[PDB]
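For reference, query_14.csv is printed below; it contains CSV, N, CA and C atoms and all ligand atoms.
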chain,number,residue,atom,x,y,z
A,1,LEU,N,14.9,-1.4,-13.0
A,1,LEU,CA,14.2,-0.1,-12.4
A,1,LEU,C,14.6,0.2,-11.0
A,2,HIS,N,14.5,1.5,-10.7
A,2,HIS,CA,15.0,2.0,-9.4
A,2,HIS,C,14.0,2.9,-8.8
A,3,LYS,N,13.8,2.8,-7.5
A,3,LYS,CA,12.9,3.7,-6.7
A,3,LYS,C,13.7,5.0,-6.4
A,4,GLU,N,13.1,6.1,-6.5
A,4,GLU,CA,13.7,7.4,-6.2
A,4,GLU,C,12.7,8.2,-5.3
A,5,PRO,N,13.3,9.1,-4.4
A,5,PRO,CA,12.5,9.8,-3.5
A,5,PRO,C,11.6,10.9,-4.2
A,6,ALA,N,10.5,11.1,-3.5
A,6,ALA,CA,9.6,12.3,-3.8
A,6,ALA,C,8.8,12.6,-2.6
A,7,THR,N,8.2,13.8,-2.5
A,7,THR,CA,7.3,14.1,-1.4
A,7,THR,C,6.0,14.6,-2.0
A,8,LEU,N,4.9,14.2,-1.3
A,8,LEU,CA,3.6,14.6,-1.7
A,8,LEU,C,3.5,16.1,-1.6
A,9,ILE,N,3.0,16.7,-2.7
A,9,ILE,CA,2.5,18.1,-2.6
A,9,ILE,C,0.9,18.1,-2.6
A,10,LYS,N,0.3,17.4,-3.5
A,10,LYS,CA,-1.2,17.4,-3.4
A,10,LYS,C,-1.8,16.3,-4.2
A,11,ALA,N,-2.8,15.7,-3.6
A,11,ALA,CA,-3.7,14.7,-4.3
A,11,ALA,C,-4.3,15.4,-5.4
A,12,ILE,N,-4.6,14.7,-6.5
A,12,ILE,CA,-5.4,15.3,-7.6
A,12,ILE,C,-6.6,14.4,-7.8
A,13,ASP,N,-6.3,13.2,-8.4
A,13,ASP,CA,-7.4,12.3,-8.6
A,13,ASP,C,-7.0,10.8,-8.6
A,14,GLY,N,-7.7,9.9,-9.3
A,14,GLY,CA,-7.5,8.5,-9.1
A,14,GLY,C,-6.2,8.1,-9.7
A,15,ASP,N,-5.7,8.8,-10.7
A,15,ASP,CA,-4.4,8.3,-11.3
A,15,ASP,C,-3.3,9.5,-11.5
A,16,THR,N,-3.6,10.7,-11.0
A,16,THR,CA,-2.6,11.7,-11.0
A,16,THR,C,-2.4,12.3,-9.6
A,17,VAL,N,-1.2,12.8,-9.4
A,17,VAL,CA,-0.8,13.4,-8.0
A,17,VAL,C,0.3,14.4,-8.3
A,18,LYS,N,0.3,15.5,-7.5
A,18,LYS,CA,1.4,16.4,-7.5
A,18,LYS,C,2.5,16.0,-6.5
A,19,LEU,N,3.7,15.8,-6.9
A,19,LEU,CA,4.8,15.4,-6.1
A,19,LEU,C,6.0,16.4,-6.3
A,20,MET,N,6.8,16.5,-5.3
A,20,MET,CA,8.1,17.2,-5.5
A,20,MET,C,9.1,16.1,-5.8
A,21,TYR,N,9.7,16.2,-7.0
A,21,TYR,CA,10.7,15.2,-7.4
A,21,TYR,C,12.0,16.0,-7.9
A,22,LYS,N,13.1,15.6,-7.4
A,22,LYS,CA,14.4,16.3,-7.5
A,22,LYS,C,14.2,17.8,-7.2
A,23,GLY,N,13.4,18.0,-6.2
A,23,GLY,CA,13.2,19.4,-5.7
A,23,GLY,C,12.2,20.3,-6.5
A,24,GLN,N,11.5,19.7,-7.5
A,24,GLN,CA,10.7,20.5,-8.4
A,24,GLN,C,9.3,19.9,-8.4
A,25,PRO,N,8.2,20.8,-8.4
A,25,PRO,CA,6.9,20.3,-8.4
A,25,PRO,C,6.5,19.7,-9.8
A,26,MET,N,5.9,18.5,-9.8
A,26,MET,CA,5.5,17.9,-11.0
A,26,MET,C,4.2,17.2,-10.8
A,27,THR,N,3.4,17.2,-11.8
A,27,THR,CA,2.3,16.2,-11.8
A,27,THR,C,2.7,14.9,-12.4
A,28,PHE,N,2.4,13.8,-11.7
A,28,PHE,CA,2.7,12.4,-12.1
A,28,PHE,C,1.4,11.7,-12.5
A,29,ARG,N,1.5,11.0,-13.6
A,29,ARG,CA,0.4,10.1,-14.1
A,29,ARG,C,0.9,8.7,-13.9
A,30,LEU,N,0.1,7.9,-13.2
A,30,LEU,CA,0.5,6.5,-13.0
A,30,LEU,C,0.5,5.7,-14.3
A,31,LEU,N,1.7,5.0,-14.4
A,31,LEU,CA,1.8,4.0,-15.6
A,31,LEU,C,0.8,2.9,-15.5
A,32,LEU,N,0.3,2.5,-16.7
A,32,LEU,CA,-0.3,1.2,-16.9
A,32,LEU,C,-1.7,1.1,-16.3
A,33,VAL,N,-2.3,2.2,-15.9
A,33,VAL,CA,-3.7,2.2,-15.3
A,33,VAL,C,-4.6,3.3,-15.8
A,34,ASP,N,-5.9,3.1,-15.7
A,34,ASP,CA,-6.9,4.1,-15.9
A,34,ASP,C,-7.9,4.0,-14.8
A,35,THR,N,-8.1,5.1,-14.1
A,35,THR,CA,-9.2,5.2,-13.1
A,35,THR,C,-10.3,6.0,-13.7
A,36,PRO,N,-11.6,5.7,-13.2
A,36,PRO,CA,-12.7,6.5,-13.7
A,36,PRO,C,-12.5,8.0,-13.3
A,37,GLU,N,-13.0,8.9,-14.2
A,37,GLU,CA,-12.9,10.3,-13.9
A,37,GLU,C,-13.8,10.6,-12.6
A,38,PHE,N,-13.5,11.7,-11.9
A,38,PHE,CA,-14.2,11.9,-10.7
A,38,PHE,C,-15.8,12.0,-10.8
A,39,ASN,N,-16.2,12.4,-12.0
A,39,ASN,CA,-17.6,12.4,-12.5
A,39,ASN,C,-18.2,11.1,-12.8
A,40,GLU,N,-17.5,9.9,-12.9
A,40,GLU,CA,-18.0,8.6,-13.3
A,40,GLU,C,-18.1,7.6,-12.2
A,41,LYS,N,-18.7,6.4,-12.4
A,41,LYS,CA,-18.9,5.5,-11.3
A,41,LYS,C,-17.6,4.9,-10.8
A,42,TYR,N,-17.4,4.9,-9.5
A,42,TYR,CA,-16.1,4.6,-8.9
A,42,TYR,C,-15.0,5.6,-9.0
A,43,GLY,N,-15.2,6.8,-9.6
A,43,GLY,CA,-14.3,7.9,-9.7
A,43,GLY,C,-13.9,8.5,-8.4
A,44,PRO,N,-15.0,8.9,-7.6
A,44,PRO,CA,-14.7,9.4,-6.2
A,44,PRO,C,-14.0,8.4,-5.4
A,45,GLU,N,-14.3,7.1,-5.5
A,45,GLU,CA,-13.7,6.0,-4.6
A,45,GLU,C,-12.3,5.8,-5.0
A,46,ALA,N,-12.0,5.8,-6.3
A,46,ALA,CA,-10.6,5.7,-6.7
A,46,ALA,C,-9.8,6.9,-6.2
A,47,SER,N,-10.3,8.1,-6.4
A,47,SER,CA,-9.6,9.3,-5.9
A,47,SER,C,-9.3,9.2,-4.4
A,48,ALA,N,-10.3,8.8,-3.7
A,48,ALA,CA,-10.2,8.7,-2.2
A,48,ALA,C,-9.2,7.7,-1.8
A,49,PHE,N,-9.2,6.5,-2.5
A,49,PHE,CA,-8.3,5.5,-2.2
A,49,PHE,C,-6.9,5.9,-2.4
A,50,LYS,N,-6.6,6.4,-3.6
A,50,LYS,CA,-5.3,7.0,-3.9
A,50,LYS,C,-4.9,8.1,-2.8
A,51,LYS,N,-5.7,9.0,-2.6
A,51,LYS,CA,-5.4,10.1,-1.7
A,51,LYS,C,-5.0,9.6,-0.3
A,52,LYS,N,-5.8,8.6,0.2
A,52,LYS,CA,-5.5,8.1,1.6
A,52,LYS,C,-4.2,7.4,1.6
A,53,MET,N,-3.9,6.6,0.6
A,53,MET,CA,-2.7,5.8,0.5
A,53,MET,C,-1.5,6.7,0.5
A,54,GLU,N,-1.6,7.8,-0.3
A,54,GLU,CA,-0.4,8.6,-0.5
A,54,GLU,C,-0.3,9.6,0.7
A,55,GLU,N,-1.3,10.1,1.3
A,55,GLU,CA,-1.2,11.1,2.4
A,55,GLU,C,-0.9,10.4,3.7
A,56,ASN,N,-1.2,9.1,3.9
A,56,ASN,CA,-0.9,8.3,5.1
A,56,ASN,C,0.6,7.7,5.0
A,57,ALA,N,1.2,7.8,3.8
A,57,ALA,CA,2.5,7.2,3.7
A,57,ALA,C,3.5,8.1,4.4
A,58,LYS,N,4.5,7.4,5.0
A,58,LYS,CA,5.7,8.1,5.5
A,58,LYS,C,6.7,8.4,4.4
A,59,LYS,N,6.7,7.6,3.4
A,59,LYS,CA,7.7,7.7,2.3
A,59,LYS,C,7.0,7.4,1.0
A,60,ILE,N,7.0,8.4,0.1
A,60,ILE,CA,6.6,8.2,-1.2
A,60,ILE,C,7.8,8.0,-2.1
A,61,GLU,N,7.7,7.1,-3.1
A,61,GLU,CA,8.8,7.0,-4.1
A,61,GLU,C,8.2,6.9,-5.5
A,62,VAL,N,9.1,7.3,-6.4
A,62,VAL,CA,8.7,7.2,-7.8
A,62,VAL,C,9.7,6.3,-8.5
A,63,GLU,N,9.2,5.5,-9.5
A,63,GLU,CA,10.0,4.6,-10.2
A,63,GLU,C,9.6,4.7,-11.6
A,64,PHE,N,10.6,5.3,-12.4
A,64,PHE,CA,10.4,5.4,-13.8
A,64,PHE,C,10.6,4.0,-14.5
A,65,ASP,N,10.0,3.8,-15.7
A,65,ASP,CA,10.2,2.7,-16.5
A,65,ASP,C,11.3,3.0,-17.4
A,66,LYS,N,11.5,2.1,-18.4
A,66,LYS,CA,12.7,2.2,-19.3
A,66,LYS,C,12.6,3.2,-20.4
A,67,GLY,N,11.3,3.6,-20.7
A,67,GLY,CA,11.0,4.4,-21.8
A,67,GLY,C,10.7,5.9,-21.4
A,68,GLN,N,9.7,6.5,-22.1
A,68,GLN,CA,9.3,7.9,-21.9
A,68,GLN,C,9.1,8.2,-20.5
A,69,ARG,N,9.7,9.3,-19.9
A,69,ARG,CA,9.5,9.7,-18.5
A,69,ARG,C,8.5,10.8,-18.3
A,70,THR,N,8.1,11.5,-19.4
A,70,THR,CA,7.1,12.5,-19.3
A,70,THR,C,6.2,12.4,-20.5
A,71,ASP,N,4.9,12.6,-20.3
A,71,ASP,CA,4.0,12.5,-21.5
A,71,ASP,C,3.9,13.8,-22.2
A,72,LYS,N,3.0,13.8,-23.2
A,72,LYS,CA,2.8,15.0,-24.1
A,72,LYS,C,2.2,16.2,-23.3
A,73,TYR,N,1.7,15.9,-22.1
A,73,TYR,CA,1.2,17.0,-21.3
A,73,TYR,C,2.2,17.5,-20.2
A,74,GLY,N,3.4,16.9,-20.2
A,74,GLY,CA,4.5,17.2,-19.3
A,74,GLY,C,4.3,16.5,-17.9
A,75,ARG,N,3.4,15.5,-17.9
A,75,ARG,CA,3.2,14.7,-16.7
A,75,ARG,C,4.3,13.7,-16.6
A,76,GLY,N,4.8,13.5,-15.4
A,76,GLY,CA,5.7,12.4,-15.2
A,76,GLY,C,5.0,11.1,-15.3
A,77,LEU,N,5.7,10.1,-15.8
A,77,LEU,CA,5.1,8.7,-16.0
A,77,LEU,C,5.9,7.8,-15.1
A,78,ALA,N,5.2,7.3,-14.1
A,78,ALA,CA,5.9,6.4,-13.1
A,78,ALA,C,5.0,5.4,-12.4
A,79,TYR,N,5.7,4.5,-11.8
A,79,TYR,CA,5.1,3.7,-10.7
A,79,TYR,C,5.3,4.4,-9.4
A,80,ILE,N,4.2,4.6,-8.6
A,80,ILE,CA,4.4,5.3,-7.4
A,80,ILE,C,4.2,4.3,-6.2
A,81,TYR,N,5.1,4.4,-5.3
A,81,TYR,CA,5.0,3.6,-4.1
A,81,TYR,C,4.8,4.4,-2.8
A,82,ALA,N,3.9,3.8,-1.9
A,82,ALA,CA,3.6,4.4,-0.6
A,82,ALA,C,4.0,3.5,0.5
A,83,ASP,N,5.1,3.8,1.2
A,83,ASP,CA,5.7,2.9,2.1
A,83,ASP,C,5.9,1.5,1.5
A,84,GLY,N,6.6,1.5,0.3
A,84,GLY,CA,6.9,0.3,-0.4
A,84,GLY,C,5.8,-0.5,-1.2
A,85,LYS,N,4.6,0.0,-1.0
A,85,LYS,CA,3.4,-0.6,-1.7
A,85,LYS,C,3.1,0.2,-3.0
A,86,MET,N,3.0,-0.5,-4.1
A,86,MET,CA,2.8,0.2,-5.4
A,86,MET,C,1.3,0.6,-5.5
A,87,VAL,N,1.1,1.9,-5.6
A,87,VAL,CA,-0.2,2.5,-5.7
A,87,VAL,C,-0.9,2.0,-7.0
A,88,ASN,N,-0.1,2.0,-8.1
A,88,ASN,CA,-0.7,1.5,-9.3
A,88,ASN,C,-1.4,0.1,-9.1
A,89,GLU,N,-0.6,-0.8,-8.5
A,89,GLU,CA,-1.1,-2.1,-8.3
A,89,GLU,C,-2.2,-2.2,-7.3
A,90,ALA,N,-2.1,-1.5,-6.2
A,90,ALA,CA,-3.3,-1.4,-5.3
A,90,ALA,C,-4.5,-1.0,-5.8
A,91,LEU,N,-4.5,0.1,-6.7
A,91,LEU,CA,-5.8,0.5,-7.3
A,91,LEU,C,-6.4,-0.6,-8.2
A,92,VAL,N,-5.5,-1.3,-9.0
A,92,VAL,CA,-6.0,-2.4,-9.8
A,92,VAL,C,-6.5,-3.5,-8.9
A,93,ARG,N,-5.8,-3.9,-7.9
A,93,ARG,CA,-6.2,-5.0,-7.0
A,93,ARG,C,-7.5,-4.8,-6.4
A,94,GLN,N,-7.8,-3.5,-6.2
A,94,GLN,CA,-9.1,-3.1,-5.5
A,94,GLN,C,-10.3,-2.9,-6.5
A,95,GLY,N,-10.1,-3.2,-7.8
A,95,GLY,CA,-11.1,-2.9,-8.7
A,95,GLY,C,-11.4,-1.5,-8.9
A,96,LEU,N,-10.5,-0.6,-8.6
A,96,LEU,CA,-10.7,0.9,-8.8
A,96,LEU,C,-9.9,1.5,-10.0
A,97,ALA,N,-9.2,0.6,-10.7
A,97,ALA,CA,-8.5,1.0,-11.9
A,97,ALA,C,-8.5,-0.2,-12.8
A,98,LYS,N,-8.5,0.0,-14.1
A,98,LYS,CA,-8.2,-1.0,-15.1
A,98,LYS,C,-6.8,-0.9,-15.6
A,99,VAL,N,-6.2,-2.0,-16.0
A,99,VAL,CA,-4.9,-2.0,-16.7
A,99,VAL,C,-5.2,-1.4,-18.1
A,100,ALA,N,-4.4,-0.4,-18.5
A,100,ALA,CA,-4.6,0.4,-19.6
A,100,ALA,C,-3.4,1.1,-20.0
A,101,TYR,N,-3.3,1.7,-21.2
A,101,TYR,CA,-2.2,2.5,-21.6
A,101,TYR,C,-0.9,1.8,-21.6
A,102,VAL,N,-0.9,0.6,-22.1
A,102,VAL,CA,0.3,-0.3,-22.0
A,102,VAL,C,1.1,-0.1,-23.3
A,103,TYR,N,2.0,0.8,-23.3
A,103,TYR,CA,2.9,1.0,-24.4
A,103,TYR,C,4.2,0.3,-24.3
A,104,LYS,N,4.6,-0.3,-25.5
A,104,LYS,CA,5.8,-1.1,-25.6
A,104,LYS,C,7.0,-0.3,-25.0
A,105,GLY,N,7.8,-1.0,-24.2
A,105,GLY,CA,9.0,-0.2,-23.7
A,105,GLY,C,8.8,0.6,-22.4
A,106,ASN,N,7.5,0.9,-22.0
A,106,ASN,CA,7.2,1.3,-20.7
A,106,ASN,C,6.2,0.4,-20.0
A,107,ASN,N,6.5,-0.9,-20.0
A,107,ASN,CA,5.5,-1.9,-19.5
A,107,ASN,C,6.1,-2.9,-18.7
A,108,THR,N,7.2,-2.6,-17.9
A,108,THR,CA,7.8,-3.5,-17.0
A,108,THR,C,6.9,-4.3,-16.0
A,109,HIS,N,5.9,-3.5,-15.4
A,109,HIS,CA,5.0,-4.2,-14.4
A,109,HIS,C,3.7,-4.6,-15.0
A,110,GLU,N,3.6,-4.8,-16.3
A,110,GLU,CA,2.3,-5.2,-16.9
A,110,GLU,C,1.8,-6.5,-16.4
A,111,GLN,N,2.6,-7.5,-16.4
A,111,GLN,CA,2.0,-8.8,-15.9
A,111,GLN,C,1.6,-8.7,-14.4
A,112,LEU,N,2.4,-8.1,-13.6
A,112,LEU,CA,2.0,-7.9,-12.2
A,112,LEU,C,0.6,-7.3,-12.0
A,113,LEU,N,0.4,-6.2,-12.8
A,113,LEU,CA,-0.9,-5.5,-12.7
A,113,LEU,C,-2.0,-6.3,-13.3
A,114,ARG,N,-1.8,-7.1,-14.4
A,114,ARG,CA,-2.9,-7.9,-15.0
A,114,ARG,C,-3.3,-9.0,-14.0
A,115,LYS,N,-2.3,-9.5,-13.2
A,115,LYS,CA,-2.6,-10.5,-12.3
A,115,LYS,C,-3.5,-9.9,-11.2
A,116,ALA,N,-3.2,-8.7,-10.7
A,116,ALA,CA,-4.1,-8.0,-9.8
A,116,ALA,C,-5.5,-7.8,-10.3
A,117,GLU,N,-5.6,-7.3,-11.6
A,117,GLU,CA,-6.9,-7.1,-12.2
A,117,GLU,C,-7.7,-8.5,-12.2
A,118,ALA,N,-7.0,-9.5,-12.6
A,118,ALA,CA,-7.7,-10.8,-12.6
A,118,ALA,C,-8.3,-11.2,-11.3
A,119,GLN,N,-7.5,-10.9,-10.2
A,119,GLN,CA,-8.0,-11.2,-8.8
A,119,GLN,C,-9.1,-10.3,-8.5
A,120,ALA,N,-9.1,-9.0,-8.8
A,120,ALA,CA,-10.2,-8.1,-8.6
A,120,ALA,C,-11.4,-8.5,-9.3
A,121,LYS,N,-11.3,-8.9,-10.6
A,121,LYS,CA,-12.4,-9.3,-11.4
A,121,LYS,C,-13.1,-10.6,-10.8
A,122,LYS,N,-12.2,-11.5,-10.4
A,122,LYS,CA,-12.7,-12.8,-9.8
A,122,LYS,C,-13.5,-12.6,-8.6
A,123,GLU,N,-13.1,-11.5,-7.8
A,123,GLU,CA,-13.7,-11.1,-6.6
A,123,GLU,C,-14.9,-10.2,-6.8
A,124,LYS,N,-15.1,-9.8,-8.0
A,124,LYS,CA,-16.2,-8.9,-8.4
A,124,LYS,C,-16.1,-7.6,-7.7
A,125,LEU,N,-14.9,-7.1,-7.5
A,125,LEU,CA,-14.7,-5.9,-6.7
A,125,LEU,C,-15.0,-4.6,-7.5
A,126,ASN,N,-15.8,-3.7,-6.9
A,126,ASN,CA,-15.9,-2.4,-7.4
A,126,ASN,C,-16.3,-2.3,-8.9
A,127,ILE,N,-15.4,-1.9,-9.8
A,127,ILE,CA,-15.6,-1.7,-11.2
A,127,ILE,C,-16.2,-3.1,-11.8
A,128,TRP,N,-15.7,-4.2,-11.2
A,128,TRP,CA,-16.1,-5.5,-11.7
A,128,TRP,C,-17.3,-6.1,-11.0
A,129,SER,N,-17.9,-5.3,-10.2
A,129,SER,CA,-19.2,-5.7,-9.5
A,129,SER,C,-20.4,-5.6,-10.3
A,201,LIG,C1,-0.8,6.7,-18.8
A,201,LIG,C2,-0.4,7.4,-20.1
A,201,LIG,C3,-1.2,8.3,-20.8
A,201,LIG,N1,-0.7,9.0,-21.9
A,201,LIG,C4,-1.6,9.9,-22.6
A,201,LIG,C5,-2.5,9.1,-23.5
A,201,LIG,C6,-3.8,9.8,-23.5
A,201,LIG,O1,-3.7,10.8,-24.5
A,201,LIG,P1,-5.1,11.7,-24.8
A,201,LIG,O2,-5.2,12.8,-23.8
A,201,LIG,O3,-4.9,12.2,-26.1
A,201,LIG,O4,-6.3,10.8,-24.7
A,201,LIG,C7,-3.8,10.5,-22.1
A,201,LIG,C8,-4.6,9.6,-21.1
A,201,LIG,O5,-4.4,10.2,-19.8
A,201,LIG,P2,-5.7,10.4,-18.8
A,201,LIG,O6,-6.3,9.1,-18.5
A,201,LIG,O7,-5.1,11.0,-17.6
A,201,LIG,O8,-6.7,11.3,-19.5
A,201,LIG,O9,-2.4,10.5,-21.6
A,201,LIG,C9,0.6,8.7,-22.4
A,201,LIG,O10,1.0,9.3,-23.5
A,201,LIG,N2,1.4,7.8,-21.8
A,201,LIG,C10,1.0,7.1,-20.7
A,201,LIG,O11,1.7,6.2,-20.3
A,202,CA,CA,-8.1,8.7,-16.0
Using structure tokens, write down the structure from this file.
Amino acid sequence: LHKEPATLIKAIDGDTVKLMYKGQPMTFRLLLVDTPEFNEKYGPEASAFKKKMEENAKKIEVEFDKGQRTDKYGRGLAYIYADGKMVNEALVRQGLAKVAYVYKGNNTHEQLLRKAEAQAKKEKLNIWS
């Protein structure tokens, strides 16, 4: 897998963001995670955590997995990095997302993320509190 450039256009919520990628606006959905909807417990905190991480970044990057790159809604499916730190993993490590939507062939970072989840759960953070 390879990191590629993108620029933030707008925060959306805990697991989607609008980025400019190869010069075109796209919505991206984070691979391998699910955050609560803005209306549910920890929804606002997930959205805020993601928004801060991505707006404070100097450099956003997108990393596609080996499989599908857009979903049925036309959202890009990627791992997103903010100054080299994976947003998908950070949300999980903080108890603000669960590992989810693990489809065969787009699951390169599955174990990394499950390890984060286990640490969050052991710490009783947020969703696991
Ligand atoms: C994360 C992810 C979601 N999806 C689809 C499955 C779900 O379909 P349904 O909309 O039919 O439930 C939806 C979940 O996204 P959201 O959590 O953003 O709603 O996105 C994929 O197809 N691939 C993926 O990798
Ligand atoms: Ca969601």
Worksheet item: How would you write, as JSON, numbers by chain, the set of residues no farther than 10 Å from ligand CA 202 (chain A) when counting only C-alpha atoms and all ligand atoms?
Response: {"A": [13, 14, 15, 16, 29, 30, 33, 34, 35, 36, 37, 38, 43, 97, 98, 100]}
Keeping only N, CA and C atoms, write those residues as an mmCIF file, in the frame of the given file.
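selection-v2.cif was written with the following content:
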data_model
loop_
_atom_site.group_PDB
_atom_site.id
_atom_site.type_symbol
_atom_site.label_atom_id
_atom_site.label_comp_id
_atom_site.auth_asym_id
_atom_site.auth_seq_id
_atom_site.Cartn_x
_atom_site.Cartn_y
_atom_site.Cartn_z
ATOM 1 N N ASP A 13 -6.300 13.200 -8.400
ATOM 2 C CA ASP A 13 -7.400 12.300 -8.600
ATOM 3 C C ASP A 13 -7.000 10.800 -8.600
ATOM 4 N N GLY A 14 -7.700 9.900 -9.300
ATOM 5 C CA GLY A 14 -7.500 8.500 -9.100
ATOM 6 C C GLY A 14 -6.200 8.100 -9.700
ATOM 7 N N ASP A 15 -5.700 8.800 -10.700
ATOM 8 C CA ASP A 15 -4.400 8.300 -11.300
ATOM 9 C C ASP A 15 -3.300 9.500 -11.500
ATOM 10 N N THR A 16 -3.600 10.700 -11.000
ATOM 11 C CA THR A 16 -2.600 11.700 -11.000
ATOM 12 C C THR A 16 -2.400 12.300 -9.600
ATOM 13 N N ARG A 29 1.500 11.000 -13.600
ATOM 14 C CA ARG A 29 0.400 10.100 -14.100
ATOM 15 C C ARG A 29 0.900 8.700 -13.900
ATOM 16 N N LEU A 30 0.100 7.900 -13.200
ATOM 17 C CA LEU A 30 0.500 6.500 -13.000
ATOM 18 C C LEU A 30 0.500 5.700 -14.300
ATOM 19 N N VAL A 33 -2.300 2.200 -15.900
ATOM 20 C CA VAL A 33 -3.700 2.200 -15.300
ATOM 21 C C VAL A 33 -4.600 3.300 -15.800
ATOM 22 N N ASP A 34 -5.900 3.100 -15.700
ATOM 23 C CA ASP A 34 -6.900 4.100 -15.900
ATOM 24 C C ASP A 34 -7.900 4.000 -14.800
ATOM 25 N N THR A 35 -8.100 5.100 -14.100
ATOM 26 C CA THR A 35 -9.200 5.200 -13.100
ATOM 27 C C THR A 35 -10.300 6.000 -13.700
ATOM 28 N N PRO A 36 -11.600 5.700 -13.200
ATOM 29 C CA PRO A 36 -12.700 6.500 -13.700
ATOM 30 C C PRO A 36 -12.500 8.000 -13.300
ATOM 31 N N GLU A 37 -13.000 8.900 -14.200
ATOM 32 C CA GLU A 37 -12.900 10.300 -13.900
ATOM 33 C C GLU A 37 -13.800 10.600 -12.600
ATOM 34 N N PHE A 38 -13.500 11.700 -11.900
ATOM 35 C CA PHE A 38 -14.200 11.900 -10.700
ATOM 36 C C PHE A 38 -15.800 12.000 -10.800
ATOM 37 N N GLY A 43 -15.200 6.800 -9.600
ATOM 38 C CA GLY A 43 -14.300 7.900 -9.700
ATOM 39 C C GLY A 43 -13.900 8.500 -8.400
ATOM 40 N N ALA A 97 -9.200 0.600 -10.700
ATOM 41 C CA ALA A 97 -8.500 1.000 -11.900
ATOM 42 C C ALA A 97 -8.500 -0.200 -12.800
ATOM 43 N N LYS A 98 -8.500 0.000 -14.100
ATOM 44 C CA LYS A 98 -8.200 -1.000 -15.100
ATOM 45 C C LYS A 98 -6.800 -0.900 -15.600
ATOM 46 N N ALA A 100 -4.400 -0.400 -18.500
ATOM 47 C CA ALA A 100 -4.600 0.400 -19.600
ATOM 48 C C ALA A 100 -3.400 1.100 -20.000
#
Worksheet item: Distance atom CA of residue A:11-atom CA of residue A:52, one decimal place?
Response: 9.0 Å
Worksheet item: For ligand LIG 201 (chain A), which residue out of A:82, A:77, A:127, A:48 is the nearest one, using all atoms listed in the file?
Response: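 Selected residue with least distance to ligand LIG 201 (chain A): A:77.
If you look at atom CA of residue A:50 and atom C of residue A:65, they are 21.8 Å away from each other.
Excluding residue A:57 itself and any same-chain residue fewer than 3 positions from it, the protein and nucleic acid residues within 7 Å of it, counting only C-alpha atoms, are residues 53, 54, 60, 82 and 83 of chain A.
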Restricted to N, CA and C atoms, what would the selected residues look like written as a compact mmCIF listing (two decimals), in the coordinates of the input?
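Output saved as part27.txt:
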# COMPACT_ATOMS: atom_id res chain seq x y z
N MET A 53 -3.90 6.60 0.60
CA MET A 53 -2.70 5.80 0.50
C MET A 53 -1.50 6.70 0.50
N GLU A 54 -1.60 7.80 -0.30
CA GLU A 54 -0.40 8.60 -0.50
C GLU A 54 -0.30 9.60 0.70
N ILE A 60 7.00 8.40 0.10
CA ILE A 60 6.60 8.20 -1.20
C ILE A 60 7.80 8.00 -2.10
N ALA A 82 3.90 3.80 -1.90
CA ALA A 82 3.60 4.40 -0.60
C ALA A 82 4.00 3.50 0.50
N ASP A 83 5.10 3.80 1.20
CA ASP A 83 5.70 2.90 2.10
C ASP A 83 5.90 1.50 1.50
Practice prompt. Return the single residue from A:6, A:102, A:20, A:113 that is closest to ligand LIG 201 (chain A), with distances computed using all atoms listed in the file.
Written response: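 With all atoms listed in the file as the atom set, the closest residue is A:102.
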Discussion item. As a list in words, please: every protein or nucleic acid residue near ligand LIG 201 (chain A) (cut-off 5 Å, counting all atoms listed in the file).
Written reply: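 After applying the 5 Å limit, what remains is residues 30, 31, 32, 71 and 72 of chain A.
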Would you output that residue set with N, CA and C atoms, as a PDB file, in the frame of the given file?
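Saved result, part17.pdb, follows:
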ATOM      1  N   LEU A  30       0.100   7.900 -13.200  1.00  0.00           N
ATOM      2  CA  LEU A  30       0.500   6.500 -13.000  1.00  0.00           C
ATOM      3  C   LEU A  30       0.500   5.700 -14.300  1.00  0.00           C
ATOM      4  N   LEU A  31       1.700   5.000 -14.400  1.00  0.00           N
ATOM      5  CA  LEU A  31       1.800   4.000 -15.600  1.00  0.00           C
ATOM      6  C   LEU A  31       0.800   2.900 -15.500  1.00  0.00           C
ATOM      7  N   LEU A  32       0.300   2.500 -16.700  1.00  0.00           N
ATOM      8  CA  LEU A  32      -0.300   1.200 -16.900  1.00  0.00           C
ATOM      9  C   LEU A  32      -1.700   1.100 -16.300  1.00  0.00           C
ATOM     10  N   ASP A  71       4.900  12.600 -20.300  1.00  0.00           N
ATOM     11  CA  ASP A  71       4.000  12.500 -21.500  1.00  0.00           C
ATOM     12  C   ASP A  71       3.900  13.800 -22.200  1.00  0.00           C
ATOM     13  N   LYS A  72       3.000  13.800 -23.200  1.00  0.00           N
ATOM     14  CA  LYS A  72       2.800  15.000 -24.100  1.00  0.00           C
ATOM     15  C   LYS A  72       2.200  16.200 -23.300  1.00  0.00           C
TER      16      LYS A  72
END
Worksheet entry | Nearest-residue call for residue A:7, choices A:62, A:41, A:67, A:49, using only N, CA and C atoms |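 Of A:62, A:41, A:67, A:49, the one nearest residue A:7, counting only N, CA and C atoms, is A:62.
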Worksheet, complete the sentence: Restricting to all atoms listed in the file, whichever of A:125, A:1, A:116, A:8 is closest to residue A:90 is A:116
Worksheet item: Using all atoms listed in the file, which of A:69, A:17, A:26, A:61 sits nearest residue A:4?
Response: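 Comparing A:69, A:17, A:26, A:61 against residue A:4, the winner is A:61.
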Worksheet item: Could you write out, as a PyMOL selection string, all the residues of chain A that DSSP marks as strand (DSSP E)?
Response: chain A and resi 3-11+16-21+24-30+33-34+60-63+76-82+85-86+98-99
Worksheet item: Which of these residues is nearest to residue A:124, using only N, CA and C atoms: A:47, A:88, A:94, A:108?
Response: A:94
Worksheet entry | Protein, DNA and RNA residues within 8 Å of (-11.4, -5.8, -7.0), all atoms listed in the file, as a PyMOL selection string | chain A and resi 91-97+116-129
Worksheet entry | Interatomic distance, atom CA of residue A:68 to atom CA of residue A:114 (Å, one decimal) |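 Value for the atom CA of residue A:68-atom CA of residue A:114 distance: 21.1 Å.
Every residue of stretch 15-116 of chain A found in alpha helix (DSSP H) when DSSP is run on the backbone appears here: residues 43, 44, 45, 46, 47, 48, 49, 50, 51, 52, 53, 54, 55, 56, 87, 88, 89, 90, 91, 92, 93, 110, 111, 112, 113, 114, 115 and 116 of chain A.
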